[PDB]
Amino acid sequence: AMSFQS
Amino acid sequence: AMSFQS
Amino acid sequence: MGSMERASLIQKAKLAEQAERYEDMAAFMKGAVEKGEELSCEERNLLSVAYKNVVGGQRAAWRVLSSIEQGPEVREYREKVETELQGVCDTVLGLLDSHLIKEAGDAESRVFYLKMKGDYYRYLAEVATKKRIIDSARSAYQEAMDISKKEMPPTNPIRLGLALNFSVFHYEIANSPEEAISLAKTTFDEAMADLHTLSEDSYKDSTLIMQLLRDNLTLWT
Amino acid sequence: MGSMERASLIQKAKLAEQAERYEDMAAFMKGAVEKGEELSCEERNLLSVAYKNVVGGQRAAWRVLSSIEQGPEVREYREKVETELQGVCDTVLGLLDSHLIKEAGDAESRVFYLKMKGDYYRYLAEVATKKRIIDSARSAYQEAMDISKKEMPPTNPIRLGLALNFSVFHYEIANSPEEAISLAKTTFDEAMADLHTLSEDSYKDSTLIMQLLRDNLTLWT
């Protein structure tokens, strides 16, 4: 799962 | 130029 | 970083970013925040990028080690990495609490910092062995979600990145995959419906983040 | 690293390698070397890998910064990076000189360390602004070349990696592209002619390195 790739 | 990729 | 000009810290944080020197970038950004002035949008992004990369390498190392863990060396070294990560999360949390969040009045800064607070508590939660930490993550995300929903369009990149991370928190940390999925889907659907209001550049920015929601949903459903 | 068992330092260096934690890997390997015992083949490789990665990130950062360089911040920050790199090179050189090289009696260990000495002086040379440093690189490589040629088959991986780096030194540092090219070509040709003596696994190991000589030659001719 990808989190925000700020 | 590539050096030794140890 | 006490002796360096704020503007110099910011300039050097950007150079460190170009040089992929993220520990330096983070040290410079911590120096900048500790000048006691609010951060601009761009500075907040620098701060986030710097620590995301530092903690990102620690998280990746910790998971390699944790997995190997499944004599005392493997545990010792995982603890060492884990301790360092936690110290990074504590110093981000420290910066938020002293005093970025309390001086963040605009929805832009406040949601950004609250999201970040939830993130760094979520990183703490990933290695915790813990309910209080998870609750601190949830609470920070929830407060950020409430402001963002009241104060930002559904396509705002930070609103989207907040909802994406909160959905990850739900799935990965809170053991609530249904909540994760409902959130990501609702977030994507409301953003979809607001895209028509955007310029091409904002459209590109939002849809880039919506695709992560969509990729997660594809992973989760 | 004084309080940790040698074997524990080695075990943790391998874990740090898996975790891509190369600064830790290097600190652990420095601890190991500083136990005062000779390093095995595998330990020498760990040492090399650890510092190659540390210094590799510093070199890459330094070049990004140097290029930007072409107020004082860019120069300051390039100096900062440069200073840190030089400190890494000095501590590798320190380890070689205290006391890895002097206790290295076999051709295997001695060429490995002398090559490494030439390498870290070459890294120092890349940022020097310098003839003594270049000469220290040349001299260390030359001594390593003389032993390797006397004591190792032309396909030995370290003999090959030594000649490859010495050729890079010639091209990039000594301003002697002809010497670089002659060396790489002669090295490749003599290795080519010795491949028939090898097992499939040694053949794979050597030809993998010969291809770097060939790629350099293609870049240089």
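Protein chains get the first letters and strands the later ones, always in sequence-line order, with residue 1 at the start of each.
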field: N/O donor-acceptor pair under 3.5 Å between D:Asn165 side chain and B:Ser3 backbone
entry: no
CA sep, side-chain torsions, deciding dist, call: D:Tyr22, D:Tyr51, ring-ring contact (aromatic ring centres under 6.0 Å, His included): CA-CA 7 Å; D:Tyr22 293 108; D:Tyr51 278 109; over 10 Å; no
Criterion salt bridge (charged side-chain N to carboxylate O under 4.0 Å, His left out) against D:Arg159, the qualifying member of D:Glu108, D:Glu151, D:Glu190: D:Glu190
query: With no hydrogens and no angle check, do the side chains of D:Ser136 and D:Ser139 hold a donor and an acceptor under 3.5 Å apart?
result: no
- request: Scan side-chain atoms only and decide if D:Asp215 and D:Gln211 contain a donor-acceptor pair under the 3.5 Å cut-off.
  value: yes
query: Which pair of non-hydrogen atoms, one from D:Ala32 and one from D:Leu9, has the smallest distance, and what is that distance?
result: N-CD1, 3.7 Å
Whether C:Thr91 side chain and C:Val88 backbone form a donor-acceptor pair below 3.5 Å: yes
query: Is the closest basic N to carboxylate O distance between C:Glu84 and D:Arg21 below 4.0 Å?
result: yes
message: Would the distance check show the side chain of D:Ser48 and the main-chain N or O of D:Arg44 forming a donor-acceptor pair, the cut-off being under 3.5 Å?
response: no
field: Distance-only side-chain donor-acceptor flag, D:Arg122 / D:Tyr141, under 3.5 Å
entry: yes
task: Evaluate salt bridge (charged side-chain N to carboxylate O under 4.0 Å, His left out) for D:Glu69 paired with D:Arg75, printing each intermediate quantity in order.
output: CA-CA 6 Å; D:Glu69 198 184 4; D:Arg75 178 187 55 72; 5.6 Å; no
message: Using 30° and 60° as the class boundaries, would you call the ring planes of D:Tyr171 and D:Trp220 parallel, tilted or perpendicular?
response: parallel
message: Can a side-chain donor-acceptor contact be found between C:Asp24 and D:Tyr77 if the only test is distance below 3.5 angstrom?
response: yes
field: Salt-bridge present (D:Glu200, D:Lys204; N to O < 4.0 Å)
entry: no
query: Short question: side chain of D:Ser8, backbone of D:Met4 - any donor-acceptor pair under 3.5 Å?
result: no
- request: Calculate, to the nearest 0.5 Å, the distance between atoms CD1 and CD belonging to D:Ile134 and D:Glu126 respectively.
  value: 10.5 Å
